[PDB]
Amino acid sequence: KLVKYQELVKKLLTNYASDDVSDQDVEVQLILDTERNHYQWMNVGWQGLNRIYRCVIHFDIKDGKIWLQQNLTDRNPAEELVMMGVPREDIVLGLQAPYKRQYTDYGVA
């Protein structure tokens, strides 16, 4: 499932990054590391004297599962992946405390 899950995570993150309307002073970054399987959508820049430096969504792929590590949106990218064909057991909520995961409807490592 590695190639399949790489393609799905890349597609979702690309959708979000391509739809991000941050102004000219904030760079929208898409970060795809296919060797260590770390995938991110970032905002990096400035609004006046305020530093904007934030990962909006982060997914890893580790041992056959997709790990959601960060979600700053009001949306549910884990369910979006499900809606796109990833079974819930193959999603790990990394951004949730480990002890909770076996009681969630998603997977464990």
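Sequential numbering from 1, following the sequence displayed.
- Of the two stretches examined, 2-10 and 100-108, the record assigns the greater average C-alpha temperature factor to 100-108.
- Between 21-29 and 86-94, the higher mean Cα B-factor belongs to 86-94.
- Of the candidates 62, 58, 54, 75, the one whose C-alpha carries the top B factor in the deposited record is 62.
- The maximum CA B-factor among the listed residues 43, 34, 47, 70, taken from the PDB record, is found at 34.
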